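Text of the file entry.pdb, holding PDB, C-alpha atoms (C1' of nucleotides):
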```pdb
ATOM      1  CA  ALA A 174      61.416 116.592 161.968  1.00  0.00           C
ATOM      2  CA  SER A 175      63.378 115.309 158.972  1.00  0.00           C
ATOM      3  CA  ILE A 176      66.285 115.677 161.360  1.00  0.00           C
ATOM      4  CA  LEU A 177      64.407 113.809 164.071  1.00  0.00           C
ATOM      5  CA  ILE A 178      63.543 111.416 161.298  1.00  0.00           C
ATOM      6  CA  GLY A 179      67.099 111.522 160.016  1.00  0.00           C
ATOM      7  CA  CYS A 180      68.263 111.100 163.587  1.00  0.00           C
ATOM      8  CA  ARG A 181      66.044 108.212 164.641  1.00  0.00           C
ATOM      9  CA  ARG A 182      66.152 106.657 161.183  1.00  0.00           C
ATOM     10  CA  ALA A 183      69.929 106.704 161.728  1.00  0.00           C
ATOM     11  CA  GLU A 184      69.411 104.900 165.062  1.00  0.00           C
ATOM     12  CA  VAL A 185      70.152 107.958 167.197  1.00  0.00           C
ATOM     13  CA  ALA A 186      67.098 109.095 169.103  1.00  0.00           C
ATOM     14  CA  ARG A 187      66.836 112.556 170.604  1.00  0.00           C
ATOM     15  CA  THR A 188      64.004 114.120 172.556  1.00  0.00           C
ATOM     16  CA  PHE A 189      61.687 116.727 171.095  1.00  0.00           C
ATOM     17  CA  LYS A 190      62.902 119.311 173.593  1.00  0.00           C
ATOM     18  CA  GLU A 191      66.467 118.589 172.501  1.00  0.00           C
ATOM     19  CA  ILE A 192      65.729 119.570 168.931  1.00  0.00           C
ATOM     20  CA  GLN A 193      63.460 122.291 170.291  1.00  0.00           C
ATOM     21  CA  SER A 194      66.617 123.708 171.823  1.00  0.00           C
ATOM     22  CA  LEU A 195      68.176 123.757 168.366  1.00  0.00           C
ATOM     23  CA  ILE A 196      65.072 125.116 166.650  1.00  0.00           C
ATOM     24  CA  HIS A 197      62.091 126.643 168.411  1.00  0.00           C
ATOM     25  CA  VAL A 198      59.190 124.995 166.602  1.00  0.00           C
ATOM     26  CA  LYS A 199      56.353 125.996 168.961  1.00  0.00           C
ATOM     27  CA  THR A 200      56.309 122.283 169.860  1.00  0.00           C
ATOM     28  CA  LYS A 201      53.111 121.989 167.835  1.00  0.00           C
ATOM     29  CA  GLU A 202      54.136 122.706 164.273  1.00  0.00           C
ATOM     30  CA  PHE A 203      56.553 119.902 165.055  1.00  0.00           C
ATOM     31  CA  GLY A 204      53.929 117.327 165.918  1.00  0.00           C
ATOM     32  CA  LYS A 205      51.602 117.607 162.947  1.00  0.00           C
ATOM     33  CA  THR A 206      54.577 117.797 160.608  1.00  0.00           C
ATOM     34  CA  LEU A 207      56.055 114.621 162.025  1.00  0.00           C
ATOM     35  CA  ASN A 208      52.984 112.429 161.586  1.00  0.00           C
ATOM     36  CA  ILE A 209      52.607 113.180 157.885  1.00  0.00           C
ATOM     37  CA  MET A 210      56.344 112.863 157.336  1.00  0.00           C
ATOM     38  CA  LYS A 211      56.566 109.373 158.817  1.00  0.00           C
ATOM     39  CA  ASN A 212      53.574 108.355 156.725  1.00  0.00           C
ATOM     40  CA  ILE A 213      55.217 109.943 153.695  1.00  0.00           C
ATOM     41  CA  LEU A 214      57.850 107.199 153.767  1.00  0.00           C
ATOM     42  CA  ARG A 215      55.388 104.488 154.826  1.00  0.00           C
ATOM     43  CA  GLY A 216      53.645 105.220 151.544  1.00  0.00           C
ATOM     44  CA  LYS A 217      57.049 105.513 149.889  1.00  0.00           C
ATOM     45  CA  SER A 218      57.676 102.050 151.362  1.00  0.00           C
ATOM     46  CA  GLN A 234      62.863 103.447 170.730  1.00  0.00           C
ATOM     47  CA  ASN A 235      63.643 105.328 173.947  1.00  0.00           C
ATOM     48  CA  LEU A 236      66.628 103.096 174.760  1.00  0.00           C
ATOM     49  CA  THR A 237      68.892 105.683 173.104  1.00  0.00           C
ATOM     50  CA  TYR A 238      68.301 108.071 176.022  1.00  0.00           C
ATOM     51  CA  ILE A 239      69.843 106.137 178.901  1.00  0.00           C
ATOM     52  CA  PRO A 240      73.528 106.644 177.991  1.00  0.00           C
ATOM     53  CA  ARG A 241      73.400 110.168 176.616  1.00  0.00           C
ATOM     54  CA  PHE A 242      71.984 111.146 179.983  1.00  0.00           C
ATOM     55  CA  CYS A 243      74.632 109.454 182.114  1.00  0.00           C
ATOM     56  CA  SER A 244      77.402 111.260 180.263  1.00  0.00           C
ATOM     57  CA  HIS A 245      75.492 114.499 180.741  1.00  0.00           C
ATOM     58  CA  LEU A 246      75.986 113.821 184.436  1.00  0.00           C
ATOM     59  CA  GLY A 247      79.538 112.537 183.994  1.00  0.00           C
ATOM     60  CA  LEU A 248      79.098 109.102 185.572  1.00  0.00           C
ATOM     61  CA  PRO A 249      81.067 105.861 185.210  1.00  0.00           C
ATOM     62  CA  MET A 250      79.710 103.095 183.027  1.00  0.00           C
ATOM     63  CA  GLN A 251      78.252 100.810 185.707  1.00  0.00           C
ATOM     64  CA  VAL A 252      75.566 103.260 186.793  1.00  0.00           C
ATOM     65  CA  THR A 253      74.623 103.514 183.128  1.00  0.00           C
ATOM     66  CA  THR A 254      75.305  99.811 182.621  1.00  0.00           C
ATOM     67  CA  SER A 255      72.703  98.871 185.191  1.00  0.00           C
ATOM     68  CA  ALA A 256      69.919 101.147 183.985  1.00  0.00           C
ATOM     69  CA  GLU A 257      69.630  99.209 180.728  1.00  0.00           C
ATOM     70  CA  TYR A 258      68.669  96.182 182.792  1.00  0.00           C
ATOM     71  CA  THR A 259      66.504  98.179 185.187  1.00  0.00           C
ATOM     72  CA  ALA A 260      64.647 100.295 182.644  1.00  0.00           C
ATOM     73  CA  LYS A 261      64.099  97.274 180.408  1.00  0.00           C
ATOM     74  CA  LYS A 262      63.003  95.233 183.422  1.00  0.00           C
ATOM     75  CA  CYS A 263      60.838  98.078 184.721  1.00  0.00           C
ATOM     76  CA  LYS A 264      59.402  98.282 181.205  1.00  0.00           C
ATOM     77  CA  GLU A 265      59.181  94.551 180.557  1.00  0.00           C
ATOM     78  CA  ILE A 266      56.642  93.548 183.214  1.00  0.00           C
ATOM     79  CA  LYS A 267      54.290  96.440 183.943  1.00  0.00           C
ATOM     80  CA  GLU A 268      54.333 100.199 184.585  1.00  0.00           C
ATOM     81  CA  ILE A 269      53.321 101.858 181.307  1.00  0.00           C
ATOM     82  CA  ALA A 270      54.462 104.716 183.467  1.00  0.00           C
ATOM     83  CA  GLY A 271      55.114 108.043 182.006  1.00  0.00           C
ATOM     84  CA  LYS A 272      53.388 109.836 179.132  1.00  0.00           C
ATOM     85  CA  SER A 273      56.512 110.286 176.921  1.00  0.00           C
ATOM     86  CA  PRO A 274      58.811 107.765 178.638  1.00  0.00           C
ATOM     87  CA  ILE A 275      61.665 110.304 178.551  1.00  0.00           C
ATOM     88  CA  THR A 276      60.935 110.851 182.232  1.00  0.00           C
ATOM     89  CA  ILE A 277      60.813 107.218 183.282  1.00  0.00           C
ATOM     90  CA  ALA A 278      64.142 106.775 181.612  1.00  0.00           C
ATOM     91  CA  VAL A 279      65.790 109.245 183.989  1.00  0.00           C
ATOM     92  CA  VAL A 280      64.188 107.695 187.050  1.00  0.00           C
ATOM     93  CA  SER A 281      66.195 104.573 186.248  1.00  0.00           C
ATOM     94  CA  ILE A 282      69.319 106.687 186.660  1.00  0.00           C
ATOM     95  CA  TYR A 283      67.784 108.104 189.821  1.00  0.00           C
ATOM     96  CA  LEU A 284      66.819 104.581 190.802  1.00  0.00           C
ATOM     97  CA  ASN A 285      70.342 103.389 190.085  1.00  0.00           C
ATOM     98  CA  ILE A 286      72.209 106.481 191.258  1.00  0.00           C
ATOM     99  CA  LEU A 287      70.666 105.923 194.665  1.00  0.00           C
ATOM    100  CA  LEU A 288      71.664 102.286 194.357  1.00  0.00           C
ATOM    101  CA  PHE A 289      75.087 103.903 194.254  1.00  0.00           C
ATOM    102  CA  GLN A 290      75.986 106.774 196.613  1.00  0.00           C
ATOM    103  CA  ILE A 291      77.120 109.549 194.269  1.00  0.00           C
ATOM    104  CA  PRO A 292      75.816 113.097 194.795  1.00  0.00           C
ATOM    105  CA  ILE A 293      73.491 113.850 191.893  1.00  0.00           C
ATOM    106  CA  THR A 294      70.892 115.399 194.204  1.00  0.00           C
ATOM    107  CA  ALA A 295      67.448 115.709 192.602  1.00  0.00           C
ATOM    108  CA  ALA A 296      67.775 119.457 192.072  1.00  0.00           C
ATOM    109  CA  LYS A 297      71.019 118.969 190.146  1.00  0.00           C
ATOM    110  CA  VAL A 298      69.340 116.292 188.020  1.00  0.00           C
ATOM    111  CA  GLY A 299      66.473 118.485 186.923  1.00  0.00           C
ATOM    112  CA  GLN A 300      68.033 121.470 185.214  1.00  0.00           C
ATOM    113  CA  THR A 301      70.915 119.386 183.872  1.00  0.00           C
ATOM    114  CA  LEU A 302      68.354 117.250 182.067  1.00  0.00           C
ATOM    115  CA  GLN A 303      65.522 119.824 182.017  1.00  0.00           C
ATOM    116  CA  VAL A 304      62.946 117.547 183.606  1.00  0.00           C
ATOM    117  CA  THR A 305      60.152 118.032 186.095  1.00  0.00           C
ATOM    118  CA  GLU A 306      61.122 117.071 189.629  1.00  0.00           C
ATOM    119  CA  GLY A 307      57.582 115.915 190.354  1.00  0.00           C
ATOM    120  CA  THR A 308      57.658 113.116 187.796  1.00  0.00           C
ATOM    121  CA  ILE A 309      60.813 111.905 189.553  1.00  0.00           C
ATOM    122  CA  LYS A 310      59.611 111.246 193.094  1.00  0.00           C
ATOM    123  CA  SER A 311      56.197 109.949 192.051  1.00  0.00           C
ATOM    124  CA  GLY A 312      57.978 107.959 189.387  1.00  0.00           C
ATOM    125  CA  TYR A 313      60.285 106.911 192.215  1.00  0.00           C
ATOM    126  CA  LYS A 314      57.230 105.892 194.226  1.00  0.00           C
ATOM    127  CA  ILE A 315      56.761 102.969 191.828  1.00  0.00           C
ATOM    128  CA  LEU A 316      60.450 102.310 192.509  1.00  0.00           C
ATOM    129  CA  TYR A 317      60.883 102.568 196.291  1.00  0.00           C
ATOM    130  CA  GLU A 318      58.257  99.775 196.207  1.00  0.00           C
ATOM    131  CA  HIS A 319      59.462  97.788 193.166  1.00  0.00           C
ATOM    132  CA  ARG A 320      63.010  97.571 194.539  1.00  0.00           C
ATOM    133  CA  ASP A 321      62.637  93.799 194.652  1.00  0.00           C
ATOM    134  CA  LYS A 322      63.667  92.294 191.315  1.00  0.00           C
ATOM    135  CA  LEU A 323      66.511  94.533 190.061  1.00  0.00           C
ATOM    136  CA  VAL A 324      69.119  92.568 192.079  1.00  0.00           C
ATOM    137  CA  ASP A 325      71.749  91.394 189.631  1.00  0.00           C
ATOM    138  CA  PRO A 326      74.610  90.949 192.125  1.00  0.00           C
TER     139      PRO A 326
ATOM    140  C1'  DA B   1      57.830 141.791 225.017  1.00  0.00           C
ATOM    141  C1'  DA B   2      53.728 142.565 221.728  1.00  0.00           C
ATOM    142  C1'  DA B   3      51.118 143.932 217.230  1.00  0.00           C
ATOM    143  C1'  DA B   4      50.626 143.585 211.645  1.00  0.00           C
ATOM    144  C1'  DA B   5      51.886 142.363 206.925  1.00  0.00           C
ATOM    145  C1'  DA B   6      54.183 139.390 203.331  1.00  0.00           C
ATOM    146  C1'  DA B   7      56.209 135.510 202.092  1.00  0.00           C
ATOM    147  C1'  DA B   8      56.810 130.257 202.177  1.00  0.00           C
ATOM    148  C1'  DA B   9      54.474 127.042 200.353  1.00  0.00           C
ATOM    149  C1'  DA B  10      50.668 123.338 197.469  1.00  0.00           C
ATOM    150  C1'  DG B  11      47.302 121.805 195.785  1.00  0.00           C
ATOM    151  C1'  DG B  12      44.532 122.390 192.481  1.00  0.00           C
ATOM    152  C1'  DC B  13      41.980 125.495 188.087  1.00  0.00           C
ATOM    153  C1'  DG B  14      42.106 124.829 184.074  1.00  0.00           C
ATOM    154  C1'  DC B  15      43.398 124.551 179.973  1.00  0.00           C
ATOM    155  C1'  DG B  16      48.878 124.433 176.681  1.00  0.00           C
ATOM    156  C1'  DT B  17      50.790 119.057 175.520  1.00  0.00           C
ATOM    157  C1'  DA B  18      47.884 115.875 171.347  1.00  0.00           C
ATOM    158  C1'  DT B  19      43.273 115.919 169.363  1.00  0.00           C
ATOM    159  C1'  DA B  20      39.714 115.653 164.825  1.00  0.00           C
ATOM    160  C1'  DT B  21      34.761 117.268 164.127  1.00  0.00           C
ATOM    161  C1'  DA B  22      32.694 120.635 161.687  1.00  0.00           C
ATOM    162  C1'  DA B  23      30.646 124.646 160.364  1.00  0.00           C
ATOM    163  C1'  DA B  24      30.759 129.924 161.963  1.00  0.00           C
ATOM    164  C1'  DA B  25      34.878 135.303 161.611  1.00  0.00           C
ATOM    165  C1'  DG B  26      39.561 137.490 160.822  1.00  0.00           C
ATOM    166  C1'  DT B  27      44.717 137.888 160.675  1.00  0.00           C
ATOM    167  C1'  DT B  28      48.819 137.887 158.855  1.00  0.00           C
ATOM    168  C1'  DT B  29      51.904 136.719 155.510  1.00  0.00           C
ATOM    169  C1'  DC B  30      53.433 136.639 150.842  1.00  0.00           C
ATOM    170  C1'  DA B  31      54.108 138.403 146.527  1.00  0.00           C
ATOM    171  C1'  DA B  32      53.158 141.396 142.480  1.00  0.00           C
ATOM    172  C1'  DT B  33      52.941 146.507 141.832  1.00  0.00           C
ATOM    173  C1'  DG B  34      54.279 151.290 142.399  1.00  0.00           C
ATOM    174  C1'  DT B  35      57.582 155.071 143.654  1.00  0.00           C
ATOM    175  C1'  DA B  36      61.253 158.353 145.419  1.00  0.00           C
ATOM    176  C1'  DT B  37      66.318 157.468 146.180  1.00  0.00           C
ATOM    177  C1'  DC B  38      70.769 155.998 146.004  1.00  0.00           C
ATOM    178  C1'  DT B  39      74.397 155.292 142.522  1.00  0.00           C
ATOM    179  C1'  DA B  40      77.672 155.244 137.965  1.00  0.00           C
ATOM    180  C1'  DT B  41      78.362 157.018 133.545  1.00  0.00           C
ATOM    181  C1'  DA B  42      78.884 158.612 129.697  1.00  0.00           C
ATOM    182  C1'  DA B  43      77.476 162.604 127.729  1.00  0.00           C
ATOM    183  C1'  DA B  44      77.040 167.807 128.530  1.00  0.00           C
ATOM    184  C1'  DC B  45      81.432 172.361 129.228  1.00  0.00           C
ATOM    185  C1'  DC B  46      85.521 174.392 130.259  1.00  0.00           C
ATOM    186  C1'  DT B  47      90.120 174.626 130.311  1.00  0.00           C
ATOM    187  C1'  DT B  48      94.498 172.856 128.909  1.00  0.00           C
ATOM    188  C1'  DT B  49      98.292 171.858 125.681  1.00  0.00           C
ATOM    189  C1'  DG B  50     100.679 170.122 121.497  1.00  0.00           C
ATOM    190  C1'  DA B  51     100.530 170.964 116.332  1.00  0.00           C
ATOM    191  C1'  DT B  52      99.703 174.824 112.863  1.00  0.00           C
ATOM    192  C1'  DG B  53      98.940 178.480 108.524  1.00  0.00           C
ATOM    193  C1'  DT B  54     100.594 182.374 108.232  1.00  0.00           C
ATOM    194  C1'  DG B  55     101.112 188.362 109.349  1.00  0.00           C
ATOM    195  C1'  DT B  56     104.946 190.250 109.403  1.00  0.00           C
ATOM    196  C1'  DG B  57     109.326 190.387 107.850  1.00  0.00           C
ATOM    197  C1'  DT B  58     115.134 190.440 105.317  1.00  0.00           C
ATOM    198  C1'  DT B  59     116.402 190.529  99.825  1.00  0.00           C
ATOM    199  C1'  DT B  60     115.310 192.068  95.307  1.00  0.00           C
ATOM    200  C1'  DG B  61     114.262 195.234  92.274  1.00  0.00           C
ATOM    201  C1'  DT B  62     111.772 199.966  91.804  1.00  0.00           C
ATOM    202  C1'  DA B  63     110.014 205.733  89.734  1.00  0.00           C
ATOM    203  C1'  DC B  64     111.746 209.577  91.437  1.00  0.00           C
ATOM    204  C1'  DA B  65     112.601 213.626  93.117  1.00  0.00           C
ATOM    205  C1'  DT B  66     116.919 214.444  94.715  1.00  0.00           C
TER     206       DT B  66
END
```
Please rewrite the model in this file as C-alpha cells.
Amino acid sequence: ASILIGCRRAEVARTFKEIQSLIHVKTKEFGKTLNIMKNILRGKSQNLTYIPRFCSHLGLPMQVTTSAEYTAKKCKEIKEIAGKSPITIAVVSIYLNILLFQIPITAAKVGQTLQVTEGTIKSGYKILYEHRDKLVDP
DNA sequence: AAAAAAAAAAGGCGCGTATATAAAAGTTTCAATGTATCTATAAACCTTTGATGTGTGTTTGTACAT
C-alpha cells in the first residue's frame, strides 16, 4: 500500500490488481492496511491516470486516447455513477471510442489484455449505445 | 434413417469484494529453548631428520717373561 500510496501520492495511479500482480496480498490484507495508512498521514498532516496507460497497453494512436479524456470526463460529469471501482467504466470509454474508430480490438482481446470482466463492458456499453448523443466534438 | 448421452450455454445461488458489531472456540505463527551433527583445530602420537657426546680407537709409555 505504501507503494500504492507512494504511487498515487506521486500522481501515478495504478489499480489494486496491478499491484496484486506484483505482490499477492489476498486483496483483503491490502484494504484494511490502506485505510489506516492514509489516515496515518492525515493525522501526520483520481482514476484519470488509467485512460492512457490502457491505450498503450493496446498499442493505439493518441486520438483514440485523446478522445476518452473528454468522453470519460463527460460521461462522469453529468450522471452515471456507473461502476463500483470505476476502473471498468474507464475502459468502456476506450471501447466507446474504439468503436467510434474502426480498429480491431474485439471485446475478447480487450478483456485478457486488461484483465477485465466482459460483462461490465456491454452493460456498461448499454449506457453508451444510448448516451451516444453529446460526445460529438467534431 | 433413427435412438441416447453430453456438451453448449445462462441465469442465478450465494456468498468472496468491503463491512463493523460483539461476544462465543481454535489455529498457526513466532520465538526462546534444547539437542545431535557438521566442522576446524590445536592438542594428542609417530615418524623423520639435523645436531651430538662419546665407545672405540692410533701414540705413548709399560712389567715381563722372553
Inset, instruction - Between B:45, B:18, B:25, B:63, single out the one closest to chain A, counting only C-alpha atoms (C1' of nucleotides). - result: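 Looking only at the distances to chain A, the closest residue turns out to be B:18.
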Using only C-alpha atoms (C1' of nucleotides), I'd like every residue of chain A that has an atom within 10 Å of chain B; please write them out as a tab-separated table (two decimals) with C-alpha atoms, in the coordinates of the input.
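Written output follows (part29.tsv):
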```
chain	number	residue	atom	x	y	z
A	200	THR	CA	56.31	122.28	169.86
A	201	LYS	CA	53.11	121.99	167.84
A	204	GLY	CA	53.93	117.33	165.92
A	205	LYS	CA	51.60	117.61	162.95
```
Inset, instruction - Would you please work out which residue, of A:285, A:308, A:276, A:235, is nearest to residue 256 of chain A when using all atoms listed in the file? - result: A:285
Identify all residues satisfying the PyMOL selection byres ((chain A and resi 320) around 12) in the given file; provide them as a compact mmCIF listing (two decimals) with C-alpha atoms, keeping the file's coordinate frame.
```
# COMPACT_ATOMS: atom_id res chain seq x y z
CA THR A 259 66.50 98.18 185.19
CA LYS A 262 63.00 95.23 183.42
CA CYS A 263 60.84 98.08 184.72
CA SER A 281 66.19 104.57 186.25
CA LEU A 284 66.82 104.58 190.80
CA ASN A 285 70.34 103.39 190.08
CA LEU A 287 70.67 105.92 194.66
CA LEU A 288 71.66 102.29 194.36
CA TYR A 313 60.28 106.91 192.22
CA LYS A 314 57.23 105.89 194.23
CA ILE A 315 56.76 102.97 191.83
CA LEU A 316 60.45 102.31 192.51
CA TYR A 317 60.88 102.57 196.29
CA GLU A 318 58.26 99.78 196.21
CA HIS A 319 59.46 97.79 193.17
CA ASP A 321 62.64 93.80 194.65
CA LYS A 322 63.67 92.29 191.32
CA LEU A 323 66.51 94.53 190.06
CA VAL A 324 69.12 92.57 192.08
CA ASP A 325 71.75 91.39 189.63
```
Legend entry - Non-local contacts of segment 183-186 of chain A (10 Å; all atoms listed in the file; under 2 positions in same chain excluded) as a PyMOL selection string: chain A and resi 176-181+188-189+234-238+241
Inset, instruction - Check the smallest atom-to-atom distance from each of A:294, A:240, A:198, A:245 to residue 257 of chain A using all atoms listed in the file, then report the winner. - result: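 Ranked by minimum distance to residue 257 of chain A, first place goes to A:240.
Residues lying within 9 Å of (61.5, 121.5, 191.8). Counted over only C-alpha atoms (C1' of nucleotides), they are residues 295, 296, 299, 305, 306 and 307 of chain A.
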Inset, instruction - Starting from the shown file, work through the PyMOL selection byres ((chain A and resi 242) around 10) and note down what comes out as a list in words. - result: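 Selection result, ordered by chain and number: residues 237, 238, 239, 240, 241, 243, 244, 245, 246, 247, 248, 253, 278, 279, 282, 298, 301 and 302 of chain A.
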Using C-alpha atoms, can you write the selected residues to a file as a PDB file, in the coordinates of the input?
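This is the output file out.pdb:
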```
ATOM      1  CA  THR A 237      68.892 105.683 173.104  1.00  0.00           C
ATOM      2  CA  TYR A 238      68.301 108.071 176.022  1.00  0.00           C
ATOM      3  CA  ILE A 239      69.843 106.137 178.901  1.00  0.00           C
ATOM      4  CA  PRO A 240      73.528 106.644 177.991  1.00  0.00           C
ATOM      5  CA  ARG A 241      73.400 110.168 176.616  1.00  0.00           C
ATOM      6  CA  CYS A 243      74.632 109.454 182.114  1.00  0.00           C
ATOM      7  CA  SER A 244      77.402 111.260 180.263  1.00  0.00           C
ATOM      8  CA  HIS A 245      75.492 114.499 180.741  1.00  0.00           C
ATOM      9  CA  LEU A 246      75.986 113.821 184.436  1.00  0.00           C
ATOM     10  CA  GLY A 247      79.538 112.537 183.994  1.00  0.00           C
ATOM     11  CA  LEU A 248      79.098 109.102 185.572  1.00  0.00           C
ATOM     12  CA  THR A 253      74.623 103.514 183.128  1.00  0.00           C
ATOM     13  CA  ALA A 278      64.142 106.775 181.612  1.00  0.00           C
ATOM     14  CA  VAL A 279      65.790 109.245 183.989  1.00  0.00           C
ATOM     15  CA  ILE A 282      69.319 106.687 186.660  1.00  0.00           C
ATOM     16  CA  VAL A 298      69.340 116.292 188.020  1.00  0.00           C
ATOM     17  CA  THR A 301      70.915 119.386 183.872  1.00  0.00           C
ATOM     18  CA  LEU A 302      68.354 117.250 182.067  1.00  0.00           C
TER      19      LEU A 302
END
```
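Atom pair atom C1' of residue 20 of chain B / atom CA of residue 207 of chain A: separated by 16.6 Å.
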Inset, instruction - Could you jot down the atom CA of residue 260 of chain A to atom CA of residue 277 of chain A separation for me, Å, one decimal place? - result: 7.9 Å
Legend entry - Distance of atom CA of residue 209 of chain A from atom CA of residue 196 of chain A, expressed in Å to one decimal place: 19.4 Å
